[PDB]
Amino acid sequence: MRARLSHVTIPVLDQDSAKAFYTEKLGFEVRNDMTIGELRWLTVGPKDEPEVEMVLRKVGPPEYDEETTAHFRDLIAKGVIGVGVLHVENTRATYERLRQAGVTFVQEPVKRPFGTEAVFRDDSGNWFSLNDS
């Protein structure tokens, strides 16, 4: 297998809130937003990093059933999903701009082994790390 990861799924509570969060506050660009059938294909990514898209996926019908949407939303809002790590050239500077936009932080920037690290949440409660190596 010669594979690459083109898309990462982010489970969201509400696709309009998440589109606004990801574009307005984080400063990602819209890659797709089209509704095919009963489903909105909404994807975003960082400026000039075209080859990974983040899929903003609704946690609710039809894709998810009653008992699963309930339990899964509840976990999302608790911050159980850590989506991954975003590498940036400067964690402290990126932190200041995100703060200014009203992003909340799980962890403020902190010195670590080989760079500065912070942890923010998205509109749904999902976590991302910021690291600058």
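Residue positions are given as counts along the sequence shown, with the first one as 1.
Visitor: Once you work out the mean C-alpha B-factor for both 81 to 89 and 53 to 61 from the entry, which is higher?
Guide: Comparing 53 to 61 with 81 to 89, the higher mean C-alpha B-factor belongs to 53 to 61.
Visitor: Give the stretch, out of 105 to 113 and 12 to 20, with the larger mean C-alpha temperature factor in the deposited entry.
Guide: Mean CA B-factor is higher for 105 to 113.
Visitor: Which one of 98, 75, 36, 44 shows the top CA temperature factor in the record?
Guide: The record points to 36.
Visitor: Where does residue 4 sit by CA temperature factor within its chain: lowest, middle or highest third?
Guide: Within its chain, residue 4 is a middle-third residue by C-alpha B-factor, going by the deposited values.
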